[PDB]
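Coordinate inspection notes
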Amino acid sequence: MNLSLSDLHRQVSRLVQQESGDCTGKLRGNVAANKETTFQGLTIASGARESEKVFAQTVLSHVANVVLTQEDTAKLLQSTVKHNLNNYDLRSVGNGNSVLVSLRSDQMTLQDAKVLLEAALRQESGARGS
Amino acid sequence: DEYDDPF
């Protein structure tokens, strides 16, 4: 019930990698850049954006496991350990890969979004594969 | 609906 990994990573990665500089991404059939506030897993019950949440469910659903190499690992580690509020959960293996189990409230960011989708599209689509 | 095109 969202965009396609391939494009997802494309738009999300295009903003973060050069437009948002690792910020919060808004989802809803498209990806947007959030710099005003931020996030913290919040499910909009406190003071978050329905976007982040949705993006979290979409980025978490698409992955549902993936494998995250060394990059995606440091990826979540960065966006997660960046500020605070533990929302993403991770476990490493794959020699140089890790498994992404994340949530702890529904709210995602541009980086985190691209992170899981990097491993998502990587292991799932990879330049559109499904 | 939401936005037309992403990116």
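Residues numbered from 1 in each chain as written, not as in the entry; some residues may be left out. Chains lettered and ligands numbered in written order. Heavy atoms only, no water.

Structure determination for this entry is recorded as solution NMR.

1. Description of the overall build of chain A
Check the secondary structure of chain A and you find 4 helices and 4 strands. In sequence order, chain A lays out its α and β elements as α-β-β-α-α-β-β-α. A compact globule built from 130 residues should have a C-alpha radius of gyration of about 14 Å, and chain A, at 13 Å, falls within 12% of that. For chain A, the C-alpha atoms occupy an extent of roughly 40 × 25 × 25 Å along the three principal directions. By the burial criterion, 51% of the 130 residues in chain A qualify as buried. (Helix = DSSP H or I, 4+ residues; strand = E, 2+ residues; numbered from the N terminus. Rg over C-alpha atoms; globule rule 2.2 N^0.38 Å. Buried < 20%, exposed > 50% of the residue type's maximum accessible area, 1.4 Å probe, protein only.)

2. Observations concerning the packing of helix 2 (residues 50-63) of chain A against helix 4 (residues 110-123) of chain A
All names here are of chain A. Two numbers describe how helix 2 lies on helix 4: the axes approach to 8 Å, and their chain directions differ by 20°. Considering their axes alone, helix 2 and helix 4 lie roughly parallel with respect to each other. The chirality of how helix 2 crosses helix 4 is left-handed. Of the residues in helix 4, those touching helix 2 at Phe55, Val59, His62 and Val63 are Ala113, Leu116, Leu117, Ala119 and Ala120. (Axes fitted to C-alpha atoms, helices over the stretch in contact; angles between N-to-C directions. Parallel < 35°, antiparallel > 145°, perpendicular 65-115°, else oblique. Left-handed = near helix turned anticlockwise from the far one by under 90°. Contact = heavy atoms within 4.5 Å.)

3. Here we look at the pattern of salt bridges
Residues and elements named next belong to chain A. Across all of its chains, the model carries 5 salt bridges over all chains by this definition. Between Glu36 and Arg49 there is a salt bridge, with its nearest N and O atoms 4.0 Å apart. Note that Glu36 is positioned in the loop between strand 2 (31-34) and helix 2 and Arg49 in the loop between strand 2 and helix 2, a separation of 13 residues in sequence. Judged by relative accessible area, which is 72%, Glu36 ranks as exposed. Between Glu118 and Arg122 there is a salt bridge; the shortest N-O distance is 2.8 Å. Here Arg122 and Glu118 lie together in helix 4, a separation of 4 residues that amounts to about one turn. Each of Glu71, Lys75, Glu118 and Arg122 takes part in one network of salt bridges that share partners. (Salt bridge = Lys/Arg side-chain N within 4 Å of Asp/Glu carboxyl O.)

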